[PDB]
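**Q** Please find upload06.cif (mmCIF, C-alpha atoms) on the next line:
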data_model
#
loop_
_atom_site.label_atom_id
_atom_site.label_comp_id
_atom_site.auth_asym_id
_atom_site.auth_seq_id
_atom_site.Cartn_x
_atom_site.Cartn_y
_atom_site.Cartn_z
CA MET A 1 -88.30 -230.07 51.22
CA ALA A 2 -88.72 -232.99 53.62
CA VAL A 3 -91.40 -234.93 55.52
CA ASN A 4 -92.75 -232.56 58.18
CA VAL A 5 -95.99 -231.72 59.98
CA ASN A 6 -95.69 -228.02 60.85
CA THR A 7 -95.88 -226.62 57.30
CA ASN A 8 -98.02 -228.01 54.45
CA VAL A 9 -97.11 -226.05 51.32
CA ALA A 10 -99.24 -228.29 49.10
CA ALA A 11 -102.26 -227.48 51.27
CA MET A 12 -101.54 -223.78 50.76
CA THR A 13 -101.32 -224.32 47.00
CA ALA A 14 -104.66 -226.14 47.02
CA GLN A 15 -106.26 -223.40 49.13
CA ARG A 16 -104.97 -220.65 46.82
CA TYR A 17 -106.28 -222.35 43.69
CA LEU A 18 -109.55 -223.25 45.43
CA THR A 19 -110.14 -219.61 46.38
CA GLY A 20 -109.30 -218.56 42.83
CA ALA A 21 -111.81 -221.04 41.42
CA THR A 22 -114.42 -219.95 43.98
CA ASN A 23 -113.96 -216.29 43.01
CA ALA A 24 -114.30 -217.17 39.33
CA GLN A 25 -117.44 -219.22 40.06
CA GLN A 26 -118.94 -216.36 42.08
CA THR A 27 -118.24 -213.88 39.28
CA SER A 28 -119.81 -216.20 36.71
CA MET A 29 -122.85 -216.74 38.93
CA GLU A 30 -123.29 -212.99 39.40
CA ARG A 31 -123.05 -212.39 35.64
CA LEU A 32 -125.58 -215.16 34.99
CA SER A 33 -128.11 -214.03 37.61
CA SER A 34 -127.88 -210.34 36.73
CA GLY A 35 -127.81 -210.95 32.98
CA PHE A 36 -125.16 -208.23 32.62
CA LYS A 37 -121.52 -208.91 31.81
CA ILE A 38 -120.51 -205.61 33.46
CA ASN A 39 -121.85 -205.26 37.00
CA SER A 40 -118.99 -203.06 38.25
CA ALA A 41 -116.19 -200.89 36.90
CA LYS A 42 -113.75 -203.52 38.19
CA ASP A 43 -114.96 -205.63 35.25
CA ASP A 44 -114.42 -203.06 32.48
CA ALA A 45 -114.22 -199.37 33.41
CA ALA A 46 -114.24 -197.98 29.87
CA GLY A 47 -116.86 -200.51 28.83
CA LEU A 48 -119.00 -199.43 31.78
CA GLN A 49 -118.64 -195.77 30.79
CA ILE A 50 -119.56 -196.33 27.14
CA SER A 51 -122.46 -198.64 28.05
CA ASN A 52 -123.78 -196.06 30.52
CA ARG A 53 -123.57 -193.32 27.89
CA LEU A 54 -125.34 -195.54 25.34
CA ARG B 1 -145.30 -173.77 -5.45
CA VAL B 2 -144.85 -171.71 -2.27
CA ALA B 3 -146.52 -174.45 -0.22
CA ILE B 4 -144.31 -177.11 -1.81
CA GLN B 5 -141.28 -174.92 -1.11
CA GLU B 6 -142.34 -174.60 2.54
CA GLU B 7 -142.56 -178.39 2.82
CA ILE B 8 -139.18 -178.70 1.08
CA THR B 9 -137.66 -176.20 3.53
CA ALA B 10 -139.03 -178.26 6.42
CA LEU B 11 -137.49 -181.41 4.93
CA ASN B 12 -134.19 -179.58 4.37
CA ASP B 13 -134.14 -178.53 8.03
CA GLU B 14 -134.88 -182.15 8.95
CA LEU B 15 -131.94 -183.29 6.82
CA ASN B 16 -129.67 -180.80 8.60
CA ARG B 17 -131.00 -181.99 11.97
CA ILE B 18 -130.29 -185.63 11.06
CA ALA B 19 -126.78 -184.68 9.96
CA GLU B 20 -126.06 -182.67 13.12
CA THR B 21 -127.71 -184.79 15.85
CA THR B 22 -126.85 -188.41 14.98
CA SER B 23 -124.17 -189.67 17.35
CA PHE B 24 -122.77 -192.82 18.98
CA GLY B 25 -123.13 -192.10 22.68
CA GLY B 26 -122.44 -188.42 22.04
CA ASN B 27 -119.75 -188.83 19.35
CA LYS B 28 -121.18 -187.09 16.29
CA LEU B 29 -121.00 -189.04 13.03
CA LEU B 30 -122.60 -187.40 9.98
CA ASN B 31 -121.79 -183.71 10.50
CA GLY B 32 -118.15 -183.86 9.36
CA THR B 33 -116.49 -183.73 12.78
CA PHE B 34 -116.14 -187.51 12.59
CA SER B 35 -113.27 -188.13 10.17
CA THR B 36 -111.03 -191.03 9.18
CA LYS B 37 -110.82 -193.22 12.30
CA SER B 38 -108.84 -196.43 12.71
CA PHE B 39 -110.46 -199.48 14.32
CA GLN B 40 -108.01 -201.96 15.86
CA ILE B 41 -109.13 -205.44 14.78
CA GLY B 42 -105.86 -207.29 15.35
CA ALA B 43 -104.07 -209.01 18.21
CA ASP B 44 -100.96 -206.85 17.69
CA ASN B 45 -100.56 -203.10 17.27
CA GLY B 46 -100.57 -201.79 13.72
CA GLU B 47 -103.39 -204.01 12.44
CA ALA B 48 -106.10 -201.35 12.18
CA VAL B 49 -108.64 -200.61 9.46
CA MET B 50 -109.62 -197.09 8.42
CA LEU B 51 -113.25 -195.97 8.28
CA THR B 52 -114.30 -192.52 7.05
CA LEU B 53 -117.68 -190.88 7.64
CA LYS B 54 -118.55 -188.05 5.27
CA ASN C 1 -85.68 -244.14 28.74
CA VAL C 2 -84.00 -241.67 26.38
CA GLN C 3 -86.13 -243.04 23.54
CA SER C 4 -89.37 -242.70 25.52
CA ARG C 5 -88.58 -239.12 26.56
CA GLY C 6 -87.70 -238.27 22.97
CA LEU C 7 -90.97 -239.82 21.82
CA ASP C 8 -92.87 -237.65 24.31
CA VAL C 9 -91.10 -234.61 22.86
CA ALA C 10 -91.93 -235.87 19.36
CA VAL C 11 -95.64 -236.08 20.21
CA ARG C 12 -95.37 -232.55 21.62
CA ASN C 13 -93.79 -231.31 18.37
CA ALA C 14 -96.29 -233.12 16.13
CA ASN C 15 -99.16 -231.57 18.10
CA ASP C 16 -97.57 -228.14 17.61
CA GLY C 17 -97.32 -228.76 13.87
CA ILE C 18 -100.97 -229.83 13.75
CA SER C 19 -101.85 -226.63 15.62
CA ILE C 20 -99.97 -224.47 13.11
CA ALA C 21 -101.63 -226.24 10.18
CA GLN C 22 -105.06 -225.86 11.81
CA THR C 23 -104.63 -222.11 12.27
CA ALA C 24 -103.33 -221.64 8.73
CA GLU C 25 -106.17 -223.67 7.22
CA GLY C 26 -108.82 -221.78 9.18
CA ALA C 27 -107.41 -218.52 7.84
CA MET C 28 -107.46 -220.07 4.36
CA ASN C 29 -111.11 -221.04 4.87
CA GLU C 30 -111.98 -217.41 5.60
CA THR C 31 -109.95 -216.45 2.53
CA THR C 32 -112.00 -218.91 0.46
CA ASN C 33 -115.26 -217.42 1.76
CA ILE C 34 -114.10 -213.91 0.84
CA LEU C 35 -112.99 -215.11 -2.61
CA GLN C 36 -116.39 -216.72 -3.23
CA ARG C 37 -118.12 -213.47 -2.26
CA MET C 38 -115.82 -211.59 -4.65
CA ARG C 39 -116.66 -214.05 -7.43
CA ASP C 40 -120.39 -213.57 -6.85
CA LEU C 41 -119.92 -209.79 -6.99
CA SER C 42 -117.93 -210.08 -10.23
CA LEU C 43 -120.61 -212.30 -11.77
CA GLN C 44 -123.30 -209.79 -10.78
CA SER C 45 -121.32 -206.85 -12.18
CA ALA C 46 -120.74 -208.52 -15.57
CA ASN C 47 -124.47 -208.15 -16.42
CA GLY C 48 -125.41 -205.41 -18.92
CA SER C 49 -128.41 -204.16 -16.93
CA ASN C 50 -126.11 -202.25 -14.58
CA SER C 51 -124.89 -198.78 -15.48
CA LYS C 52 -121.48 -197.46 -14.43
CA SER C 53 -122.65 -196.55 -10.90
CA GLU C 54 -123.57 -200.13 -9.96
CA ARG C 55 -120.23 -201.31 -11.34
CA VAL C 56 -118.50 -198.68 -9.18
CA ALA C 57 -120.39 -199.83 -6.07
CA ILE C 58 -119.60 -203.50 -6.71
CA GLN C 59 -115.96 -202.56 -7.33
CA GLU C 60 -115.91 -200.68 -4.01
CA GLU C 61 -117.18 -203.79 -2.22
CA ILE C 62 -114.65 -205.94 -4.10
CA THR C 63 -111.85 -203.55 -3.12
CA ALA C 64 -112.91 -203.82 0.52
CA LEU C 65 -112.89 -207.62 0.27
CA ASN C 66 -109.47 -207.53 -1.44
CA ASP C 67 -108.09 -205.40 1.39
CA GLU C 68 -109.58 -207.92 3.82
CA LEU C 69 -107.78 -210.71 1.94
CA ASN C 70 -104.49 -208.83 2.28
CA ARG C 71 -105.18 -208.20 5.98
CA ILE C 72 -105.81 -211.91 6.57
CA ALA C 73 -102.61 -212.76 4.70
CA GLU C 74 -100.52 -210.22 6.65
CA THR C 75 -101.93 -210.67 10.18
CA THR C 76 -102.55 -214.42 10.59
CA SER C 77 -99.84 -215.54 13.01
CA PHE C 78 -99.15 -218.35 15.49
CA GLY C 79 -98.13 -216.44 18.60
CA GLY C 80 -96.55 -213.69 16.49
CA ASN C 81 -95.08 -215.90 13.77
CA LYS C 82 -96.74 -214.99 10.47
CA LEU C 83 -98.01 -217.87 8.34
CA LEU C 84 -99.67 -216.85 5.05
CA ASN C 85 -97.72 -213.67 4.24
CA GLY C 86 -94.95 -215.62 2.49
CA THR C 87 -92.30 -215.23 5.20
CA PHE C 88 -93.16 -218.65 6.68
CA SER C 89 -90.99 -220.76 4.39
CA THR C 90 -90.44 -224.50 4.78
CA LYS C 91 -90.07 -225.52 8.43
CA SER C 92 -88.89 -228.93 9.61
CA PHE C 93 -90.99 -230.34 12.45
CA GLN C 94 -89.01 -232.92 14.43
CA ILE C 95 -91.34 -235.85 15.14
CA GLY C 96 -88.84 -238.54 16.12
CA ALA C 97 -87.00 -239.75 19.19
CA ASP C 98 -83.68 -239.38 17.32
CA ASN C 99 -82.26 -236.45 15.40
CA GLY C 100 -82.83 -236.28 11.66
CA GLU C 101 -86.44 -237.53 11.69
CA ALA C 102 -88.15 -234.27 10.71
CA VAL C 103 -90.94 -233.56 8.23
CA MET C 104 -91.06 -230.42 6.09
CA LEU C 105 -94.16 -228.21 6.14
CA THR C 106 -94.55 -225.34 3.68
CA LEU C 107 -96.97 -222.41 3.95
CA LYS C 108 -97.64 -220.45 0.77
CA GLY D 1 -121.64 -171.61 -13.49
CA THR D 2 -123.15 -171.27 -10.02
CA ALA D 3 -122.66 -173.78 -7.20
CA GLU D 4 -126.01 -175.32 -6.23
CA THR D 5 -126.68 -177.61 -3.26
CA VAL D 6 -129.75 -179.19 -1.66
CA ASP D 7 -129.78 -176.49 1.04
CA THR D 8 -130.06 -173.81 -1.68
CA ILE D 9 -132.88 -175.19 -3.84
CA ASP D 10 -136.00 -173.07 -4.32
CA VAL D 11 -138.95 -174.56 -6.21
CA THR D 12 -141.12 -171.43 -6.28
CA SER D 13 -140.30 -171.29 -10.01
CA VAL D 14 -140.62 -174.05 -12.58
CA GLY D 15 -136.96 -173.85 -13.60
CA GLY D 16 -135.99 -173.87 -9.94
CA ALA D 17 -137.88 -177.12 -9.37
CA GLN D 18 -136.47 -178.64 -12.56
CA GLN D 19 -132.95 -177.87 -11.27
CA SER D 20 -133.75 -179.17 -7.78
CA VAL D 21 -134.71 -182.49 -9.39
CA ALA D 22 -131.14 -182.90 -10.67
CA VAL D 23 -129.65 -181.58 -7.42
CA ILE D 24 -131.59 -184.15 -5.40
CA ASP D 25 -130.64 -186.88 -7.88
CA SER D 26 -126.94 -186.11 -7.39
CA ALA D 27 -127.40 -185.97 -3.61
CA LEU D 28 -129.17 -189.34 -3.69
CA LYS D 29 -126.33 -190.84 -5.73
CA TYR D 30 -123.79 -189.49 -3.22
CA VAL D 31 -125.72 -190.85 -0.23
CA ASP D 32 -126.14 -194.23 -1.95
CA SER D 33 -122.41 -194.42 -2.69
CA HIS D 34 -121.57 -193.68 0.97
CA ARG D 35 -124.10 -196.31 2.06
CA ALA D 36 -122.47 -198.85 -0.28
CA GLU D 37 -119.07 -198.00 1.20
CA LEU D 38 -120.41 -198.54 4.72
CA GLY D 39 -122.02 -201.83 3.70
CA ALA D 40 -118.72 -203.03 2.26
CA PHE D 41 -117.06 -201.99 5.52
CA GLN D 42 -119.59 -203.99 7.54
CA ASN D 43 -119.16 -207.08 5.35
CA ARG D 44 -115.37 -206.83 5.63
CA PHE D 45 -115.60 -206.51 9.41
CA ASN D 46 -117.94 -209.52 9.60
CA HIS D 47 -115.40 -211.58 7.63
CA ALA D 48 -112.67 -210.27 9.94
CA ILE D 49 -114.68 -211.29 13.01
CA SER D 50 -115.16 -214.80 11.62
CA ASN D 51 -111.41 -215.17 10.88
CA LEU D 52 -110.46 -213.81 14.30
CA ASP D 53 -112.85 -216.22 16.02
CA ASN D 54 -111.43 -219.16 14.07
CA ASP E 1 -101.59 -199.05 0.08
CA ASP E 2 -102.72 -196.52 2.67
CA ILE E 3 -100.79 -195.84 5.87
CA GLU E 4 -102.43 -198.55 7.99
CA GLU E 5 -101.89 -201.20 5.32
CA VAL E 6 -98.27 -200.00 5.14
CA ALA E 7 -97.95 -200.49 8.91
CA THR E 8 -99.52 -203.96 8.68
CA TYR E 9 -97.17 -204.91 5.84
CA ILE E 10 -94.15 -203.71 7.83
CA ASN E 11 -95.35 -205.73 10.83
CA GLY E 12 -95.74 -208.84 8.68
CA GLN E 13 -92.36 -208.55 6.94
CA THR E 14 -90.16 -208.05 10.03
CA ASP E 15 -90.20 -208.65 13.77
CA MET E 16 -87.31 -206.36 14.76
CA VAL E 17 -89.53 -203.25 14.72
CA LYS E 18 -93.25 -202.66 15.24
CA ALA E 19 -95.15 -200.17 13.08
CA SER E 20 -98.43 -198.39 13.80
CA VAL E 21 -100.33 -195.21 12.90
CA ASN E 22 -101.47 -192.44 15.23
CA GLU E 23 -104.47 -190.10 14.93
CA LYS E 24 -102.70 -187.65 12.60
CA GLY E 25 -101.68 -190.35 10.10
CA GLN E 26 -98.04 -190.28 11.18
CA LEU E 27 -96.27 -193.64 11.15
CA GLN E 28 -94.80 -194.72 14.50
CA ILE E 29 -92.00 -197.29 14.70
CA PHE E 30 -91.00 -198.94 17.98
CA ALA E 31 -87.72 -200.82 18.40
CA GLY E 32 -87.61 -202.88 21.58
CA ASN E 33 -84.54 -202.51 23.76
CA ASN E 34 -84.25 -206.31 23.99
CA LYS E 35 -84.25 -206.57 20.18
CA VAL E 36 -82.39 -203.44 18.96
CA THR E 37 -79.16 -201.86 20.21
CA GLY E 38 -78.66 -198.17 19.49
CA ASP E 39 -80.57 -195.97 17.08
CA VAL E 40 -82.37 -197.10 13.92
CA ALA E 41 -81.56 -195.38 10.62
CA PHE E 42 -84.30 -194.96 8.00
CA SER E 43 -83.51 -194.75 4.28
CA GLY E 44 -85.29 -195.06 0.95
CA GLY E 45 -88.01 -193.23 -0.92
CA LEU E 46 -90.79 -194.10 1.53
CA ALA E 47 -88.61 -193.03 4.47
CA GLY E 48 -88.04 -189.70 2.74
CA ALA E 49 -91.77 -189.34 2.11
CA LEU E 50 -92.59 -190.06 5.77
CA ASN E 51 -89.69 -188.04 7.26
CA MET E 52 -89.20 -190.08 10.42
CA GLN E 53 -88.02 -188.06 13.42
CA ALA E 54 -85.55 -188.75 16.23
CA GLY E 55 -85.86 -191.52 18.80
CA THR E 56 -87.56 -191.15 22.18
CA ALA E 57 -86.89 -193.58 25.01
CA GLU E 58 -90.21 -195.16 26.01
CA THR E 59 -90.85 -197.44 28.99
CA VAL E 60 -93.93 -198.91 30.66
CA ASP E 61 -93.79 -196.07 33.21
CA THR E 62 -94.21 -193.46 30.44
CA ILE E 63 -97.03 -194.98 28.36
CA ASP E 64 -100.38 -193.24 27.98
CA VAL E 65 -103.50 -194.21 26.03
CA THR E 66 -105.38 -190.89 25.91
CA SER E 67 -104.59 -190.94 22.17
CA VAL E 68 -104.88 -193.81 19.71
CA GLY E 69 -101.21 -193.55 18.76
CA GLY E 70 -100.27 -193.64 22.43
CA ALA E 71 -102.20 -196.88 22.87
CA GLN E 72 -100.67 -198.36 19.71
CA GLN E 73 -97.14 -197.58 20.91
CA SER E 74 -97.91 -198.77 24.44
CA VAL E 75 -99.01 -202.15 23.07
CA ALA E 76 -95.52 -202.68 21.64
CA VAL E 77 -93.95 -201.35 24.84
CA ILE E 78 -95.91 -203.88 26.90
CA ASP E 79 -94.97 -206.64 24.44
CA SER E 80 -91.28 -205.82 24.94
CA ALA E 81 -91.76 -205.74 28.72
CA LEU E 82 -93.51 -209.12 28.62
CA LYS E 83 -90.62 -210.57 26.55
CA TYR E 84 -88.12 -209.24 29.10
CA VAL E 85 -90.06 -210.61 32.09
CA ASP E 86 -90.48 -214.01 30.42
CA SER E 87 -86.75 -214.11 29.66
CA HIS E 88 -85.88 -213.51 33.33
CA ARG E 89 -88.47 -216.06 34.41
CA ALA E 90 -86.87 -218.64 32.11
CA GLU E 91 -83.45 -217.79 33.56
CA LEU E 92 -84.80 -218.32 37.09
CA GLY E 93 -86.39 -221.62 36.08
CA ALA E 94 -83.11 -222.84 34.60
CA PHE E 95 -81.43 -221.79 37.86
CA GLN E 96 -83.96 -223.78 39.89
CA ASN E 97 -83.54 -226.87 37.66
CA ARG E 98 -79.75 -226.63 38.00
CA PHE E 99 -80.01 -226.31 41.78
CA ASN E 100 -82.35 -229.32 41.98
CA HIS E 101 -79.83 -231.39 40.02
CA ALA E 102 -77.09 -230.10 42.32
CA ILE E 103 -79.12 -231.10 45.39
CA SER E 104 -79.61 -234.62 44.02
CA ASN E 105 -75.89 -234.94 43.27
CA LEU E 106 -74.93 -233.61 46.71
CA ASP E 107 -77.38 -236.01 48.41
CA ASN E 108 -75.91 -239.08 46.58
#
Would it be possible to restate this file's structure as structure tokens?

**A**
Amino acid sequence: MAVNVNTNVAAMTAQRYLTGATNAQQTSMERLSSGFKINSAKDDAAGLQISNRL
Amino acid sequence: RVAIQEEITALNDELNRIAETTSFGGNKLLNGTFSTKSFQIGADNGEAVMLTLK
Amino acid sequence: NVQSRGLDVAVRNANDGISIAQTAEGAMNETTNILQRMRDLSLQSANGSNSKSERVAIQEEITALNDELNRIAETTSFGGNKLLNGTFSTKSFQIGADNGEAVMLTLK
Amino acid sequence: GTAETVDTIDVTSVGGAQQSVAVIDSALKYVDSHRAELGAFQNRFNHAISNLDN
Amino acid sequence: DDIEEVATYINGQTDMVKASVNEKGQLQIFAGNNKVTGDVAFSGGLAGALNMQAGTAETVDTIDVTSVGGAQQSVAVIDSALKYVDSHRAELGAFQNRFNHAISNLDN
């Protein structure tokens, strides 16, 4: 790379990892507020099925 | 003796009911359909432990 | 500069050796717990108040614990490298900036 | 010899009840042995969980 | 030893092949394509007792987990795929390092 103003790849890296951390924080907050580890099948589909049957 | 036999027949039917209705989410356990099953308690394949229900 | 980089690598390697020893010793701690339970069961079974059925039940529990001991021996690995199954012979951990400054670690 | 089970006991006669006593004793021994096996299985799995966590 | 303890013992002794057991008690053996070239020949008394069958080419595209044996075999398939992907990632990283050194040399 070089010293330029039009593209800031480090800023994109920081934004990507910041959004990842924000998504993880949101998931943790949802699991804490609801009190349930599985709130959707996107968490654990088979776990959701067996927990629903139980 | 007939009364005691009637009570014993009721208890025998209850034993059969317990054998035939107990299940884990619908998977019957104590009626004989549940047989030797392997539970995977390792981090790699082939590290299972066998459990039999009679 | 070569020496300092080699010393960094040596610290890395020593930390890896400490990690391997930690995992092996934790598995050995679980093995010790299982062995103590087996010893308690054997002490209980040696009493003459029990008939053959209680001895059979205690032997069943002891067999389960023995199989657990074998499972711990055969499955404990560091990333897929078995430790306490006997295949992990002496390994030389290089903890120096120069070659030939290794320390042997054995796992039984 | 005739094959007797708990489902086929009949205590309307004194000898029948005397036999059912032994039949139920053998059934109790069998159930106790299977309970001991399951208890050993649970203890082994608890030890396995502790090792895996460590 | 029962069949699952046999599979665990085979897994502990060697890393060339991976052993598991399906629902019917049959012993499955997986040889990764990045670790084994050609077919694997089974001999001995235990091999005669088990009567291992011919080889089937398995890939990540063909794995299913509707059976316990399918999941057990697919675990080894995914392990082999992960080893292959990591190998090509390491090759690419070495390429990038080499090109960075080349850029520095060309700059000077």

**Q** As a VMD selection string, please: the residues near segment 9-13 of chain E (cut-off 10 Å, only C-alpha atoms, same-chain neighbours under 3 positions excluded).

**A** (chain B and resid 44 to 47) or (chain C and resid 70 to 71 73 to 77 80 to 87) or (chain E and resid 1 3 to 6 16 to 20 29)

**Q** Once the PyMOL selection byres ((chain B) within 10 of (chain E)) is applied to the coordinates I shared, what remains selected? I want it as a count of residues only.

**A** 14

**Q** Near residue 27 of chain C, counting only C-alpha atoms, which residues have an atom at most 7 Å away, once you skip same-chain residues fewer than 3 positions from it, shown as a ChimeraX atom specification?

**A** /C:23-24,30-31,72,76 /D:51

**Q** Can you list, as a PDB file with C-alpha atoms, keeping the file's coordinate frame, the residues that the PyMOL selection byres ((chain D and resi 22-33) around 10) selects here?

**A**
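Result saved to result02.pdb:
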ATOM      1  CA  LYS B  54    -118.550-188.050   5.270  1.00  0.00           C
TER       2      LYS B  54
ATOM      3  CA  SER C  53    -122.650-196.550 -10.900  1.00  0.00           C
ATOM      4  CA  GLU C  54    -123.570-200.130  -9.960  1.00  0.00           C
ATOM      5  CA  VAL C  56    -118.500-198.680  -9.180  1.00  0.00           C
ATOM      6  CA  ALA C  57    -120.390-199.830  -6.070  1.00  0.00           C
ATOM      7  CA  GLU C  60    -115.910-200.680  -4.010  1.00  0.00           C
TER       8      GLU C  60
ATOM      9  CA  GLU D   4    -126.010-175.320  -6.230  1.00  0.00           C
ATOM     10  CA  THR D   5    -126.680-177.610  -3.260  1.00  0.00           C
ATOM     11  CA  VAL D   6    -129.750-179.190  -1.660  1.00  0.00           C
ATOM     12  CA  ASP D   7    -129.780-176.490   1.040  1.00  0.00           C
ATOM     13  CA  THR D   8    -130.060-173.810  -1.680  1.00  0.00           C
ATOM     14  CA  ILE D   9    -132.880-175.190  -3.840  1.00  0.00           C
ATOM     15  CA  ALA D  17    -137.880-177.120  -9.370  1.00  0.00           C
ATOM     16  CA  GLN D  18    -136.470-178.640 -12.560  1.00  0.00           C
ATOM     17  CA  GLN D  19    -132.950-177.870 -11.270  1.00  0.00           C
ATOM     18  CA  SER D  20    -133.750-179.170  -7.780  1.00  0.00           C
ATOM     19  CA  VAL D  21    -134.710-182.490  -9.390  1.00  0.00           C
ATOM     20  CA  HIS D  34    -121.570-193.680   0.970  1.00  0.00           C
ATOM     21  CA  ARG D  35    -124.100-196.310   2.060  1.00  0.00           C
ATOM     22  CA  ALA D  36    -122.470-198.850  -0.280  1.00  0.00           C
ATOM     23  CA  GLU D  37    -119.070-198.000   1.200  1.00  0.00           C
ATOM     24  CA  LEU D  38    -120.410-198.540   4.720  1.00  0.00           C
ATOM     25  CA  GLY D  39    -122.020-201.830   3.700  1.00  0.00           C
TER      26      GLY D  39
END

**Q** Pull out every residue of chain B that has at least one atom within 9 Å of chain A, counting only C-alpha atoms, and report them as a PyMOL selection string.

**A** chain B and resi 24-26

**Q** Filtering to C-alpha atoms, could you give me those residues as a PDB file, keeping the file's coordinate frame?

**A**
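And here is the file that came out, result12.pdb:
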ATOM      1  CA  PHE B  24    -122.770-192.820  18.980  1.00  0.00           C
ATOM      2  CA  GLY B  25    -123.130-192.100  22.680  1.00  0.00           C
ATOM      3  CA  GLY B  26    -122.440-188.420  22.040  1.00  0.00           C
TER       4      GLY B  26
END

**Q** Convert the output of the PyMOL selection byres ((chain B and resi 5) around 10) on the shown file into explicit residues, formatted as a PDB file with C-alpha atoms, keeping the file's coordinate frame.

**A**
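And here is the file that came out, selection_1.pdb:
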ATOM      1  CA  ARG B   1    -145.300-173.770  -5.450  1.00  0.00           C
ATOM      2  CA  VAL B   2    -144.850-171.710  -2.270  1.00  0.00           C
ATOM      3  CA  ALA B   3    -146.520-174.450  -0.220  1.00  0.00           C
ATOM      4  CA  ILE B   4    -144.310-177.110  -1.810  1.00  0.00           C
ATOM      5  CA  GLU B   6    -142.340-174.600   2.540  1.00  0.00           C
ATOM      6  CA  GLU B   7    -142.560-178.390   2.820  1.00  0.00           C
ATOM      7  CA  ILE B   8    -139.180-178.700   1.080  1.00  0.00           C
ATOM      8  CA  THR B   9    -137.660-176.200   3.530  1.00  0.00           C
ATOM      9  CA  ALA B  10    -139.030-178.260   6.420  1.00  0.00           C
ATOM     10  CA  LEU B  11    -137.490-181.410   4.930  1.00  0.00           C
TER      11      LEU B  11
ATOM     12  CA  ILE D   9    -132.880-175.190  -3.840  1.00  0.00           C
ATOM     13  CA  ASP D  10    -136.000-173.070  -4.320  1.00  0.00           C
ATOM     14  CA  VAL D  11    -138.950-174.560  -6.210  1.00  0.00           C
ATOM     15  CA  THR D  12    -141.120-171.430  -6.280  1.00  0.00           C
ATOM     16  CA  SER D  13    -140.300-171.290 -10.010  1.00  0.00           C
ATOM     17  CA  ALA D  17    -137.880-177.120  -9.370  1.00  0.00           C
TER      18      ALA D  17
END

**Q** Atom CA of residue 44 of chain C and atom CA of residue 42 of chain D are how many Å apart?

**A**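 One can read the atom CA of residue 44 of chain C to atom CA of residue 42 of chain D distance as 19.6 Å.
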
**Q** Which neighbours of residue 31 of chain E fall inside 10 Å, counting only C-alpha atoms, when residues of the same chain fewer than 2 positions from it are skipped, and could you give them as a short mmCIF file (atom, residue, chain, number, x, y, z; two decimals) with C-alpha atoms, keeping the file's coordinate frame?

**A**
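So the final result, stored in result00.cif, reads:
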data_model
loop_
_atom_site.label_atom_id
_atom_site.label_comp_id
_atom_site.auth_asym_id
_atom_site.auth_seq_id
_atom_site.Cartn_x
_atom_site.Cartn_y
_atom_site.Cartn_z
CA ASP E 15 -90.20 -208.65 13.77
CA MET E 16 -87.31 -206.36 14.76
CA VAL E 17 -89.53 -203.25 14.72
CA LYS E 18 -93.25 -202.66 15.24
CA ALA E 19 -95.15 -200.17 13.08
CA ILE E 29 -92.00 -197.29 14.70
CA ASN E 33 -84.54 -202.51 23.76
CA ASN E 34 -84.25 -206.31 23.99
CA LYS E 35 -84.25 -206.57 20.18
CA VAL E 36 -82.39 -203.44 18.96
CA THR E 37 -79.16 -201.86 20.21
CA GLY E 38 -78.66 -198.17 19.49
CA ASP E 39 -80.57 -195.97 17.08
CA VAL E 40 -82.37 -197.10 13.92
CA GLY E 55 -85.86 -191.52 18.80
CA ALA E 57 -86.89 -193.58 25.01
CA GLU E 58 -90.21 -195.16 26.01
CA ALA E 76 -95.52 -202.68 21.64
CA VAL E 77 -93.95 -201.35 24.84
CA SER E 80 -91.28 -205.82 24.94
#

**Q** Quick one: segment 7-12 of chain B with N, CA, C and O atoms, as a PDB file, keeping the file's coordinate frame?

**A**
ATOM      1  N   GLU B   7    -142.778-176.998   2.428  1.00  0.00           N
ATOM      2  CA  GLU B   7    -142.560-178.390   2.820  1.00  0.00           C
ATOM      3  C   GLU B   7    -141.121-178.819   2.542  1.00  0.00           C
ATOM      4  O   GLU B   7    -140.511-179.544   3.340  1.00  0.00           O
ATOM      5  N   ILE B   8    -140.558-178.368   1.420  1.00  0.00           N
ATOM      6  CA  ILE B   8    -139.180-178.700   1.080  1.00  0.00           C
ATOM      7  C   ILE B   8    -138.207-178.063   2.063  1.00  0.00           C
ATOM      8  O   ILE B   8    -137.195-178.667   2.429  1.00  0.00           O
ATOM      9  N   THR B   9    -138.492-176.838   2.508  1.00  0.00           N
ATOM     10  CA  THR B   9    -137.660-176.200   3.530  1.00  0.00           C
ATOM     11  C   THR B   9    -137.722-176.972   4.840  1.00  0.00           C
ATOM     12  O   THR B   9    -136.701-177.142   5.518  1.00  0.00           O
ATOM     13  N   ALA B  10    -138.915-177.438   5.218  1.00  0.00           N
ATOM     14  CA  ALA B  10    -139.030-178.260   6.420  1.00  0.00           C
ATOM     15  C   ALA B  10    -138.209-179.538   6.295  1.00  0.00           C
ATOM     16  O   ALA B  10    -137.501-179.929   7.232  1.00  0.00           O
ATOM     17  N   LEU B  11    -138.277-180.194   5.134  1.00  0.00           N
ATOM     18  CA  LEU B  11    -137.490-181.410   4.930  1.00  0.00           C
ATOM     19  C   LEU B  11    -135.995-181.120   4.904  1.00  0.00           C
ATOM     20  O   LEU B  11    -135.200-181.943   5.365  1.00  0.00           O
ATOM     21  N   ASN B  12    -135.594-179.967   4.367  1.00  0.00           N
ATOM     22  CA  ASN B  12    -134.190-179.580   4.370  1.00  0.00           C
ATOM     23  C   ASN B  12    -133.686-179.360   5.795  1.00  0.00           C
ATOM     24  O   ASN B  12    -132.578-179.787   6.148  1.00  0.00           O
TER      25      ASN B  12
END
